[PDB]
Amino acid sequence: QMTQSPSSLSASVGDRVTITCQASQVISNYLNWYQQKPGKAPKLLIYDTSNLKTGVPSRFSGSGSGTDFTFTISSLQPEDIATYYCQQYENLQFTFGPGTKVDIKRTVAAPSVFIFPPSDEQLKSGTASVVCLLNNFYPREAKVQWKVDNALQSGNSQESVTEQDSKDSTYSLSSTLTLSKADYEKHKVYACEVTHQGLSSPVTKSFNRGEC
Amino acid sequence: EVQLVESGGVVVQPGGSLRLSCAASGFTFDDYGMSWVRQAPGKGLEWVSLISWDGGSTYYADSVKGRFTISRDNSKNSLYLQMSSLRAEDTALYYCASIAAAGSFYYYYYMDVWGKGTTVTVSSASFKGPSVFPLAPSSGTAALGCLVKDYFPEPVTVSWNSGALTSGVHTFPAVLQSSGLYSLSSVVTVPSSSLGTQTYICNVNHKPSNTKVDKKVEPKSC
């Protein structure tokens with residue numbers, strides 16, 4: 001039951017970042033810290049609480065003892081956007097902590113929202129996919145609610161999110177609602193409602209089945 | 001250069017067996033213990049097994065004990081992971097890492113060298129090329145895209161206009177559906193003024209099924 005705090009944080013380039021770890025036992029072997037960037041392998045940055053691996057920049061440091069450890073980035077750089085993990089060796093096992101995801105803080109950007117009905121070519125095969133796009137928003141937190149004739153849909157959608165854009169620091173999100181053709185043709189109004197802190201009120205995009 | 005290279009990750013049926021390999025180069029392999037660490041899609045790092053320098057000691061995470069066996073052949077600079085009784089939750093990227101030892105009596109450890117990983121997919125699905133459906137621009141800025149639905153296994157690639165269109169493109173991570181097939185969307189935002197004139201074609205390639213598709217996306221015919 002190792003912990004890390006916070007689970008995610010946003011900071012600007014040049015900000016101090018502080019990430020904490022709680023080991024599951026009073027440490028009796030090394031407490032190490034790793035950096036993992038999107039799509040890449042983990043990299044050791046700090047070993048034995050505070051020692052920098054050869055070649056790691058001076059802005060990284062660590063401290064602690066007992067069960068409580070802290071990893072610091074003195075001045076966040078764009079290349080430091082990553083997930084950071086602490087790691088213990090206790091009870092004859094290596095254990096990695098749950099990780100702390102760091103992204104870039106920028107100004108709030110509300111999503112631009114788009115809904116896409118199922119194509120007639122898809123409906124020929126017996127399934128309907130309805131897609132809702134949330135484009136170029138910040139921060140990451142956003143909620144999509146699907147409604148069909150005013151019935152809230154749960155369990156029948158999936159979503160995914162892009163990595164933070166390297167140039168504008170935004171995210172985008174795609175959600176797909178899937179139903180059978182038979183179910184699709186029993187209902188009229190398909191709606192995606194988006195909640196985000198940049199929107200005064202939630203935005204709803206909708207269509208009526210069969211309309212141009 | 002010091003390096004570790006994993007291989008052997010493929011699709012394997014639930015209940016099945018698979019052996020992964022890790023080749024070491026550029027250092028004295030038998031001076032180091034070795035570890036396997038895995039990462040399930042979208043999840044954190046999970047250490048799973050380790051082995052001492054000569055193979056005389058092995059250890060496992062409770063999640064894999066009794067199903068996985070770590071071994072090494074120092075004459076071949078190779079580390080292996082034999083997996084058996086595989087489960088959907090064993091689907092992951094598997095990394096090998098060397099165990100550096102230091103401090104008093106060399107009792108203290110860190111994992112300093114890592115490979116790039118090999119991918120294990122535990123599934124009973126068989127190969128399927130995608131169906132590519134339009135996300136038609138609605139009737140300023142318009143959005144359009146392609147829905148790349150119902151393929152197996154990963155990965156697919158998507159380009160727009162043969163790579164000439166990159167600005168405003170977002171290709172999303174795939175999702176694994178409850179059918180066992182993947183789906184992915186790729187979108188682009190473009191000037192509404194362009195919808196009458198400019199052609200938009202998504203180029204989809206699914207090598208595991210030998211499927212290339214070019215899909216033109218336009219406003220709906222009403």
Side-chain angles (χ1 to χ4, degrees), chain A residues 39 116-133 156-160 162 174-182 184, chain B residues 7-14 16 18 40-42 86 88 91-93 117-137 143-166 169-188 199-218 220-221:
Chain A
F116 300 97
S119 65
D120 290 325
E121 39 263 69
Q122 182 186 25
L123 290 171
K124 223 154 302 296
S125 57
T127 300
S129 297
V130 194
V131 173
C132 191
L133 169 64
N156 54 358
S157 63
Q158 301 184 273
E159 65 180 41
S160 66
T162 55
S174 176
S175 178
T176 303
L177 173 71
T178 304
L179 63 173
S180 69
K181 174 189 208 266
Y184 178 70
Chain B
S7 66
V10 292
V11 174
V12 52
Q13 297 244 329
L18 178 60
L86 282 158
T91 294
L93 188 67
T118 191
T119 303
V120 175
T121 303
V122 184
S123 175
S124 56
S126 56
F127 79 94
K128 187 167 178 53
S131 296
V132 185
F133 300 125
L135 300 170
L144 60 98
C146 284
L147 178 63
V148 181
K149 192 167 154 63
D150 285 350
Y151 65 90
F152 180 87
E154 298 200 284
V156 290
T157 56
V158 184
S159 64
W160 287 89
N161 290 352
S162 295
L165 177 57
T166 61
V169 173
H170 293 298
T171 300
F172 293 85
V175 293
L176 176 60
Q177 303 164 117
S178 69
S179 59
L181 303 178
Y182 297 89
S183 185
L184 164 153
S185 62
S186 183
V187 306
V188 62
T199 291
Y200 296 105
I201 296 171
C202 72
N203 322 106
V204 179
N205 202 342
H206 184 242
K207 299 305 295 163
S209 68
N210 193 36
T211 299
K212 291 195 293 177
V213 172
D214 294 323
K215 179 61 170 181
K216 187 176 181 181
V217 179
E218 59 190 26
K220 192 188 180 194
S221 200

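Quick note: numbers below take in every heavy atom, side chains included, and nothing from hydrogens, waters or symmetry partners. Lettering of chains follows the sequences in order, A, B, ..., and the numbering in each one begins at 1.
A distance-only check finds a donor-acceptor pair linking the side chain of A:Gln158 to the backbone of B:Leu176 [under 3.5 Å]. The backbone N or O of B:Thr121 lies less than 3.5 Å from no partner atom in the side chain of B:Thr91, so there is not a single donor-acceptor pair. Without hydrogens or angle criteria, B:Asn161 side chain to B:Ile201 main chain gives a donor-acceptor distance under 3.5 Å.
To the nearest 0.5 Å, atom CG of residue A:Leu133 and atom NE2 of residue B:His170 are 7.5 Å apart. The line from OG of A:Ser125 to CG of A:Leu123 is 7.5 Å long, rounded to the nearest 0.5 Å. Annotation: the span from B:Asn205 atom CG to B:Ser159 atom OG amounts to 9.0 Å, rounded to 0.5 Å. Put simply, SG on B:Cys202 and NZ on B:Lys216 are 13.0 Å apart, with the number rounded to the nearest 0.5 Å.
A heavy-atom distance below 4.5 Å is found between the side chains of A:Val130 and A:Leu179. Here the side chains of A:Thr178 and A:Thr127 are in contact, with some heavy-atom distance below 4.5 Å. Residues B:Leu18 and B:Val120 have side chains in contact (heavy-atom distance under 4.5 Å, counting atoms from C-beta outward). By the 4.5 Å heavy-atom criterion applied to side chains, B:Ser186 and B:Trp160 are counted as neighbours.
Of all non-hydrogen atoms in B:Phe127 and B:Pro208, the two that sit nearest each other are CB-O, 4.1 Å. Closest approach of A:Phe116 and B:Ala143 over heavy atoms only: CE2-O, 3.5 Å. Of all heavy-atom pairs spanning A:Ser157 and A:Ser175, the tightest one is CB-OG, 4.1 Å. Nearest heavy atom pair, residue B:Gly129 against residue B:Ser209, reads CA-OG, 3.2 Å. Summarising the geometry of B:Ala125 relative to B:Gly180, their closest heavy-atom pair is CB-O, 4.0 Å, with the distance given to 0.1 Å.
Checked options B:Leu184, B:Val187, B:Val158; the residue passing with B:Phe172 is B:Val187 (criterion: side chain to side chain contact (heavy atoms under 4.5 Å, CB included)).
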Show me, pair by pair, the donor-acceptor contacts under 3.5 angstrom made by side chains of residues 144-156 of chain B, not counting sequence neighbours?
from     : atom 1 : to       : atom 2 : distance (Å)
B:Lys149 : NZ     : B:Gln177 : OE1    : 2.8
B:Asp150 : OD1    : B:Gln177 : NE2    : 2.9

inquiry  = Determine whether B:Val204 and B:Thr157 satisfy the following criterion, side chain to side chain contact (heavy atoms under 4.5 Å, CB included), listing intermediate values before the conclusion.
reply    = CA-CA 6 Å; B:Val204 179; B:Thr157 56; over 6 Å; no
request  = Show your working on side chain to side chain donor-acceptor pair (under 3.5 Å) between A:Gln122 and A:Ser129 and close with a plain yes or no.
outcome  = CA-CA 8 Å; A:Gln122 182 186 25; A:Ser129 297; 2.9 Å; yes
query = Checking side chain to side chain contact (heavy atoms under 4.5 Å, CB included) for the pair B:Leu135/B:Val217: CA distance, chi angles, key distance, verdict?
reply = CA-CA 7 Å; B:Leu135 300 170; B:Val217 179; 5.7 Å; no
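Contacts of B:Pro173 classified as side chain to side chain contact (heavy atoms under 4.5 Å, CB included), with partners at least two apart in sequence or in another chain: A:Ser160. Taking the salt bridge (charged side-chain N to carboxylate O under 4.0 Å, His left out) definition, one finds that B:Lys215 meets it with A:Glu121, sequence neighbours left out.
Crowding of B:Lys220 atom NZ: a count of heavy atoms from other residues, nucleotides or ligands under 6.0 Å exceeding 12.
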